[PDB]
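Asks: Here's a structure for you.
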Amino acid sequence: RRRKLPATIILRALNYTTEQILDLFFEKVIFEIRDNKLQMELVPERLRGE
Amino acid sequence: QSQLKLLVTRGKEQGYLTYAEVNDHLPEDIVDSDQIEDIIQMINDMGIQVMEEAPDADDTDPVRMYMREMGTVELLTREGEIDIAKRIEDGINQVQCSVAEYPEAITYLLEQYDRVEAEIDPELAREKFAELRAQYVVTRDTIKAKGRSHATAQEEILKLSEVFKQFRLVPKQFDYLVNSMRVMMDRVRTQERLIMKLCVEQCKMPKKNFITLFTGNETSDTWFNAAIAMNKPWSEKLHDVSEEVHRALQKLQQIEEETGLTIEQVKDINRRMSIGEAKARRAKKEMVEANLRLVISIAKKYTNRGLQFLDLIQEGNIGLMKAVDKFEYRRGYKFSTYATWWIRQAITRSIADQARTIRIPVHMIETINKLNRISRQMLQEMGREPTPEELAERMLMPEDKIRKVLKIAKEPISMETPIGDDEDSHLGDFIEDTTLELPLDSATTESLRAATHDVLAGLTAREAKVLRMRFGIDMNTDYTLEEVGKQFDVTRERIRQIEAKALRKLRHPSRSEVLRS
């Protein structure tokens with residue numbers, strides 16, 4: 200019960216890099232750059248309410 | 006920006022004055038008991054305008100701020116310490132030598148020695221002081237004789253200085269001498285500044301001319317009458333101060349006769365003495381500034397014992413300040429431990445007295461601590477609580493002395509201590525006053541005065557006055573049978589007879605009877 204701090208500082212205190220932190224809460228989306236264009240790993244279920 | 010916009014926009018007006026909110030939206034080190042009052046003072050009371058007086062004012096700790104300036108290390112090594120100590124000894128040497136140059140210090144020591152002998213080996217004192225007196229009386233003759241124009245005579249003078257440097261004087265003696273010389277110099281510069289203030293300002297004489305003229309003899313009127321006969325515009329004003337300047341010169345010449353020294357050189361020796369003082373003082377200050385760490389380091393163990401941290405480390409600083417004074421570089425022993433002892437002694441001789449509100453002697457504190465250290469075993473080396481009788485048996489003291497010892501322990505308790513936890517209780521509020529008398533008692537006392545004043549009315553003058561004067565009432569000072577027997581002719585027994593007869597009269601009235609109880 201003290202002053203507020205970003206809840207990602209304790210994660211770093213547990214030896215977690217920013218890249219590791221991002222791969223613990225959110226689902227990743229991979230893009231590929233082939234044939235001089237932009238592709239995307241499309242997931243239909245994720246397209247709900249957009 | 007951040008603090009201002011957040012505070013203003015959020016607090017509109019936070020309804021129930023939600024304190025536990027913006028206090029976390031503030032930078033710097035938190036959990037302080039300082040910034041708390043600066044928020045509960047702005048929110049309400051002088052609303053609206055107060056929220057504009059807050060930002061304009063917004064546009095910490097003793098020990099932490101002490102470690103701050105202490106951060107300046109400037110630590111030393113054996114070479115450093117020896118170096119600083121060397122400068123100290125050099126400064127002290129120059130001062131003592133400057134004192135040796137002063138002949139009146141020697142003759143005063145001679146005079147005070149004759150005072151000592153007129154009422212440490214007595215024969216040894218008669219030995220060294222005889223050497224000093226011998227070298228003095230042999231040097232004194234080589235002065236007015238002028239043989240060896242202060243060439244070989246100066247050798248005997250400096251040899252006398254060496255003889256004087258052989259004496260190890262007490263701090264009070266040296267300080268008295270040095271202070272005396274500075275007071276003498278104070279009178280010298282008093283006369284000099286007098287002449288300057290009178291001639292330069294009052295007579296409109298430029299400072300250039302005064303420095304060009306006065307700097308010469310400074311005593312004889314040869315410079316003054318030459319300044320008047322210079323026929324300058326500021327020379328005619330000197331006539332209105334001739335007596336003053338003359339008085340100053342005559343007094344300065346008197347000083348020449350007092351010190352028996354050349355007035356054009358006393359400034360030199362006094363100057364060099366000041367140089368030595370400043371050097372030694374400076375060096376010693378560097379020493380105490382250097383070993384600052386040791387104080388706080390060892391004072392940490394003495395913490396929490398009726399005296400805060402700052403007081404402890406302060407007594408340690410003065411303890412270190414005392415250790416540096418009595419120490420020489422020409423010693424195999426280092427300063428790190430020698431100073432430590434002085435520091436421990438300094439703080440331990442402080443916690444002993446200036447700790448509790450009530451006085452206490454060192455032996456008492458030692459006996460108390462010893463009792464505790466002994467008592468902590470009796471309940472652990474057996475299994476039951478340490479009985480006072482058996483506890484006293486394991487000591488040199490009987491038992492009742494220990495009982496009286498425990499009646500001195502503790503601060504003790506303060507009145508501002510909560511007890512019943514009402515709304516709200518205070519120990520000092522249950523303490524009744526006893527020095528005051530009951531209004532009933534006071535009323536009975538007044539009625540008693542009136543009663544007695546009315547009872548002595550039913551008596552005779554040579555009986556009322558008798559009872560009144562004997563037991564002393566309404567006349568302050570009470571007298572005896574003799575002092576009343578003389579003022580009434582018949583002495584002693586007779587005046588006692590009537591005194592008894594009056595008592596016989598009071599065996600029927602009930603006033604004083606019931607007043608007795």
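Taken in order, these protein sequences are the chains called C and X. When you read off a place in the first sequence, starting at 1, and then add 199, the result is the number in PDB author numbering. Heads up: the second sequence runs through residues 6 to 64, 95 to 154, 212 to 609, numbered per PDB author numbering. We put the CB at the ideal spot given by N, CA and C, even for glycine.
Taking Cβ-Cβ distances shorter than 9 Å, what residues in chain X pair up with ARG201/C?
Replies: Numbered from its first residue, the first sequence carries residue 201/C at position 2. Those within 9 Å of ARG201/C in chain X are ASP29, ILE35, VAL36.
Asks: Could you compute how far the alpha carbon of residue 157/X sits from the alpha carbon of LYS376/X?
Replies: Coordinates for residue 157/X are simply not present: the residues of chain X run from 154 and resume at 212.
Asks: Nearest-angstrom Cα distance between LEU11/X and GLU244/C?
Replies: Within the second sequence, the letter at position 6 stands for residue 11/X. Within the first sequence, the letter at position 45 stands for residue 244/C. Looking at the two C-alpha atoms, the distance is approximately 40 Å.
Asks: Pick out whichever of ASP278/X, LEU144/X, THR244/X has its Cα sitting closest to the Cα of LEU224/X.
Replies: Here the question's residue 224/X lines up with position 132 in the second sequence. Closest by alpha carbon: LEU144/X.
Asks: Rounded to a whole number of angstroms, what is the C-alpha to C-alpha distance between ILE44/X and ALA25/X?
Replies: In the second sequence, the residue the question calls residue 44/X occupies position 39. In the second sequence, the residue the question calls residue 25/X occupies position 20. If I take the Cα positions, the gap works out to 11 Å.
Asks: Please return the same chain residues whose Cβ sits closer than 6 Å to the Cβ of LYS371/X, not counting the five positions on each side in sequence.
Replies: Position 279 of the second sequence holds residue 371/X. If we look at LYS371/X and ignore the five residues flanking it on each side, its Cβ neighbours are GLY126.
Asks: Going by beta-carbon coordinates alone, are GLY398/X and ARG448/X separated by less than 9 Å?
Replies: As a first step, residue 398/X must be located in the second sequence, where it is residue number 306. As a first step, residue 448/X must be located in the second sequence, where it is residue number 356. Their beta carbons are under 9 Å apart, which means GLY398/X touches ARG448/X by this criterion.
Asks: Is DSSP giving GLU485/X helix, strand or coil here?
Replies: Position 393 of the second sequence holds residue 485/X. The answer is helix: DSSP assigns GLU485/X an H, G or I state.
Asks: Hey, quick one: how far does the alpha helix (DSSP H) through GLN406/X stretch, first residue to last?
Replies: Taking the first residue of the second sequence as 1, we reach residue 406/X at position 314. From DSSP, the alpha helix (DSSP H) with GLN406/X extends over 401-417.
Asks: Indicate the three-state DSSP secondary structure (helix, strand or coil) for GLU231/C in the structure shown.
Replies: The count along the first sequence starts at 1 and reaches residue 231/C at position 32. The answer is strand: DSSP assigns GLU231/C an E or B state.
Asks: Considering only the alpha carbon of each residue, which of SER609/X, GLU381/X, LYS557/X lies closest to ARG588/X?
Replies: As a working note, residue 588/X is residue 496 in the second sequence. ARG588/X has its Cα closest to that of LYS557/X, out of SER609/X, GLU381/X, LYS557/X.
Asks: Is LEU252/X closer than 9 Å to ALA135/X when the C-beta atoms are compared?
Replies: Within the second sequence, the letter at position 100 stands for residue 135/X. Within the second sequence, the letter at position 160 stands for residue 252/X. Yes, these two residues count as a Cβ contact at 9 Å.
Asks: So the candidates are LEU598/X, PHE302/X, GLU310/X; which of them puts its Cα closest to the Cα of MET322/X?
Replies: Within the second sequence, numbered from 1, the residue matching residue 322/X stands at position 230. When only C-alpha atoms are compared, the closest one is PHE302/X.
Asks: Between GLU109/X, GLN258/X, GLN227/X, which lies nearest to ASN128/X when the distance is taken from Cα to Cα?
Replies: For the purposes of this step, residue 128/X is taken as the residue at position 93 of the second sequence. The shortest C-alpha separation from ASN128/X is found at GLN258/X.
Asks: Would you list, in sequence order, the uninterrupted alpha helix (DSSP H) runs of no fewer than 4 residues that lie entirely inside the region 317-394 of chain X?
Replies: Entirely contained in the region 317-394 of chain X, the alpha helix (DSSP H) runs reaching 4 residues are, in chain order, 334-351, 358-382, 384-391.
Asks: Check for me: the alpha helix (DSSP H) holding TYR571/X runs from which residue to which?
Replies: In the second sequence, counting from the first residue as 1, residue 571/X sits at position 479. Here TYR571/X belongs to no alpha helix (DSSP H), and DSSP marks it neither H nor E.
Asks: On the three-state DSSP scale, how would you describe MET239/C?
Replies: Translated into the one-based positions of the first sequence, residue 239/C becomes position 40. If DSSP states are grouped into helix, strand and coil, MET239/C belongs with the strands.
Asks: Please report the distance separating the alpha-carbon of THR429/X from that of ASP403/X.
Replies: Numbered from its first residue, the second sequence carries residue 429/X at position 337. Numbered from its first residue, the second sequence carries residue 403/X at position 311. Answer to the nearest angstrom: the Cα atoms are 21 Å apart.
Asks: How is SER38/X classed by DSSP in three states: helix, strand or coil?
Replies: As a first step, residue 38/X is located in the second sequence; it is residue number 33 there, counting from the start. Three-state result, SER38/X: coil.
Asks: Got a sec? Which residues, its chain only, sit under 7 Å from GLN131/X by beta carbon, not counting five neighbours each side?
Replies: On the second sequence, residue 131/X is found 96 positions in, with the first residue counted as 1. Counting only Cβ-Cβ distances below 7 Å, and skipping sequence neighbours, we find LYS257.
Asks: So that I know if they touch, is there some Cβ in chain A lying closer than 9 Å to that of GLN342/X?
Replies: Among the protein chains in the structure shown, which are C and X, there is no chain A.
Asks: For a quick check, are the C-beta atoms of residue 179/X and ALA382/X less than 9 Å apart?
Replies: Note on chain X: numbering goes from 154 to 212 directly, and residue 179/X within that interval has no coordinates.
Asks: DSSP three-state label for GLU18/X, please.
Replies: The residue labelled residue 18/X in the question sits at position 13 within the second sequence. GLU18/X falls in the coil class under three-state DSSP.
Asks: Tell me the rounded alpha-carbon separation between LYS236/X and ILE249/X.
Replies: For the purposes of this step, residue 236/X is taken as the residue at position 144 of the second sequence. For the purposes of this step, residue 249/X is taken as the residue at position 157 of the second sequence. Answer to the nearest angstrom: the Cα atoms are 13 Å apart.
Asks: Considering only C-alpha positions, which residue in the set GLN246/X, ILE117/X, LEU305/X is nearest to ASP233/X?
Replies: Locating residue 233/X in the second sequence gives position 141, where the first residue counts as 1. For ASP233/X, the nearest C-alpha among the options comes from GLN246/X.
Asks: What does the Cβ neighbour count give for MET51/X, buried or exposed, with the cut at 16 atoms within 10 Å?
Replies: Your numbering for residue 51/X matches position 46 in the second sequence. With fewer than 16 other Cβ atoms within 10 Å, it is exposed.
Asks: Let's see if you can read the secondary structure: which residues bound the alpha helix (DSSP H) around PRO531/X?
Replies: Position 439 of the second sequence, counted from the start, is the residue given in the question as residue 531/X. That run of the alpha helix (DSSP H) goes 531-547.
Asks: According to DSSP, simplified to helix, strand and coil, what is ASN464/X?
Replies: For the purposes of this step, residue 464/X is taken as residue 372 along the second sequence, with counting starting at 1. Here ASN464/X sits in helix by DSSP.
Asks: Between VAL228/C, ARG201/C, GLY248/C, which has its C-alpha nearest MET239/C's C-alpha?
Replies: Taking the first sequence and counting its residues from 1, one reaches residue 239/C at position 40. Closest option to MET239/C, Cα to Cα, is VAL228/C.
Asks: Apart from the five residues just before and just after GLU515/X, which ones in its own chain have a Cβ nearer than 6 Å to its Cβ?
Replies: Within the second sequence, the letter at position 423 stands for residue 515/X. Within the same chain, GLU515/X has no close Cβ partners at all.
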